[PDB]
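Descriptive analysis of the structure
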Amino acid sequence: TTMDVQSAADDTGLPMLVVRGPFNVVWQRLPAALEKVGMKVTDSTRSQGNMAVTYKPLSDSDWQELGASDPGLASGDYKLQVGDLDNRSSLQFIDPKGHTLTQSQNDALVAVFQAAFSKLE
């Protein structure tokens, strides 16, 4: 019932996260959680499950205060796709070229989002 995060892959084998919580619950939590990890939501459109984010890594000190290590993402603009899995939601980052993250980048986002959703709660 806590907002657990797990690393997974999509139906095509590409990296994604799976969050415990229904789609609108997670949608409503996302901006606040994103803020904790250095991701600014510049726009979102729920009917598309899409968010536009601009990311600037935290400082080491700030990663420490969050409780997770730098996930090895480049600074810049990303699309975040959010999907409905009933009691869970999926999250998939896409860069502007339409490329997913590497699986290891995604894996490293587990701790980051676990920390962020914990920081909220």
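Residues numbered from 1 in each chain as written, not as in the entry; some residues may be left out. Heavy atoms only, no water.

The deposited coordinates, according to the entry record, derive from X-ray crystallography at 1.25 Å resolution.

**So, the pairing of strand β5 (residues 76-85)**
Using the following cut-off: For two strands to be treated as a pair, DSSP must find no fewer than two bridges joining them. Numbering of helices and strands runs from the N terminus, with a helix taken as a DSSP run of H or I at least four residues long and a strand as a DSSP run of E at least two residues long.
Judged from the six bridges that link them, strand β4 (residues 50-55) and β5 form a sheet pairing that is antiparallel. Opposite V53, over in β5, you have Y78 as the bridge partner. Of the pairings in the sheet, the one linking β5 to strand β6 (residues 88-94) comprises seven bridges and is antiparallel in character. The residue bridging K79 from the neighbouring strand is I94, located in β6. Between β5 and β6, which pair antiparallel and follow one another directly, the connecting turn spans two residues, one of which, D86, has a positive phi of 70°.

**Focus: the packing of aromatic side chains**
Two measures describe an aromatic ring pair: the distance that separates the ring centres and the angle between the ring planes. Spelled out, the test is: A pair of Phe, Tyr and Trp rings is counted when the ring centres sit within 6.5 Å of each other, with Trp represented by its six-membered ring. The angle between the planes then sorts it: under 30 degrees is stacked, over 60 is edge-to-face, the rest tilted. Buried, partly exposed and exposed residues are distinguished by accessible area as a fraction of the type maximum, computed with a 1.4 Å probe on protein chains only: under 20%, between the cut-offs, and over 50%, respectively.
Evaluation of the coordinates by the stated rule reveals four aromatic pairs. Ring geometry for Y78 and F93: centres 6.4 Å apart, planes at 90°, overall edge-to-face. Of the two residues, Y78 is situated in strand β5 and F93 in strand β6; the sequence distance between them amounts to 15 residues. With respect to burial, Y78 and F93 carry one shared label: buried. Ring geometry for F113 and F117: centres 6.1 Å apart, planes at 45°, overall tilted. You can see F113 and its partner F117 sitting in helix α3 (residues 103-120), four residues apart, about one turn around the helix. On the basis of relative accessibility, which here comes to 1%, the residue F117 falls in the buried class.

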